[PDB]
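K.L.:
return atomic coordinates for the entry below.
(one chain, ligands or ions: 1)
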Amino acid sequence: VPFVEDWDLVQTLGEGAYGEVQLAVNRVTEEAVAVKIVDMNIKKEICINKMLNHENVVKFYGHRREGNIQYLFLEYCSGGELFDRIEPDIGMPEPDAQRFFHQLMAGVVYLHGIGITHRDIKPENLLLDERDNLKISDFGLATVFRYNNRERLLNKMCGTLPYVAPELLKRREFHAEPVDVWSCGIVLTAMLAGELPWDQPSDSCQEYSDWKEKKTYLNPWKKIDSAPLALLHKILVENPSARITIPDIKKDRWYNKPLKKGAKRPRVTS
Ligand SMILES: N#Cc1cnc(NC(=O)Nc2cc(Br)ccc2N2CCC[C@@H](O)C2)cn1
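P.N.:
Numbers count the residues shown, from 1 in each chain. There you are, the coordinates:
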């Protein structure tokens, strides 16, 4: 069919360090995709993206290189970032946060199951489709932590300070999986309180010290119900060897608490 390979770039969705993300619309089919334009890092992001296929991971359609510029054809998520669904200093309804947290765990289980660590889980990297389905986005900082069933310990300092695990700041080497678990716990905190608990998880940070001293009568913890707060007490554990694993997060009481109705389907009476 002539013209199927032509895409019109209709609007800028976001701009940053990389370059820009544009909304692309197919000339013939009107299919909408997100095009990530990176002017030469990208080689590892494309290589990790080629391994991915899960309903809670941003789809990779392909890549095109035009000189020194790489074009990443990625899933268009019309709901934008989870970040904008979080009301400052409030959060969001607890059943919405639980559903997003379930979907976040499904995505992370998938990535860890294929030996991939995202290393930068935050609400800006969690996108929502038209049906409010969560998708893990941007694999620019991602790496392989398990290869030929052999675990590789990490030492590289990366992520975003309010979401990083304390072992990344205190230890030379650390296991990849507990780091992503920790950042998921900070995401859950943000969804339920509309605020980040600390600037970084270090002894010099007063808010982090208060949490370790179990001062849950302070913000953000006082805004969180005791059932999701008991889960946060198991995720936000300083020792990564004692920190809860994803199989045990799936056994948590709040994680399994019936709270949300399914999407309202159209109905009529008489
Ligand atoms: N890497 C990456 C990436 C970034 N955006 C993707 N898809 C979107 O549809 N993104 C998007 C949609 C809307 Br509506 C508003 C903003 C964005 N983003 C722009 C670039 C930053 C990203 O966090 C979200 C897919 N993958």
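
K.L.:
okay, CA-based contacts and neighbour counts for the rest of this
P.N.:
Noted.

K.L.:
show me what the longest helix seen in the chain packs onto, helices and strands only.
P.N.:
Using DSSP state H to define each element, the chain has its longest helix at helix 94-113. Judged by 3 or more CA pairs under 8 Å, 6 or more residues apart in numbering; DSSP states H and E, the packing partners of helix 94-113 are strand 134-136, helix 176-193.

K.L.:
what about the residue nearest to residue 186 when sequence neighbours are not counted, how many residues nearby?
P.N.:
Nearest residue to residue 186 in three dimensions, chain neighbours excluded: residue 163, at 5.9 Å (CA to CA, 6 or more residues apart in numbering). A count of neighbours around residue 163, defined by other CA atoms under 10 Å, yields 25.

K.L.:
where does residue 163 fall, phi/psi-wise?
P.N.:
phi -100, psi -10 (degrees, to the nearest 10).

K.L.:
residue 14 too?
P.N.:
phi -170, psi 150.

K.L.:
residues touching the residue nearest to it when sequence neighbours are not counted, list them.
P.N.:
Once flanking residues are discounted, residue 14 sits nearest to residue 21: 5.2 Å by CA to CA, 6+ apart. Contacts here follow CA atoms under 8 Å, 6 or more residues apart in numbering; on that basis residue 21 touches 12-15, 34-37.

K.L.:
report the two of these separated the most.
P.N.:
Farthest pair in the contacts of residue 21 (CA to CA) is 15 and 34. Separation: 12.5 Å.

K.L.:
neighbour count for those two, which is higher?
P.N.:
Higher neighbour count among residue 15 and residue 34: residue 34, with 25 against 12, using other CA under 10 Å.
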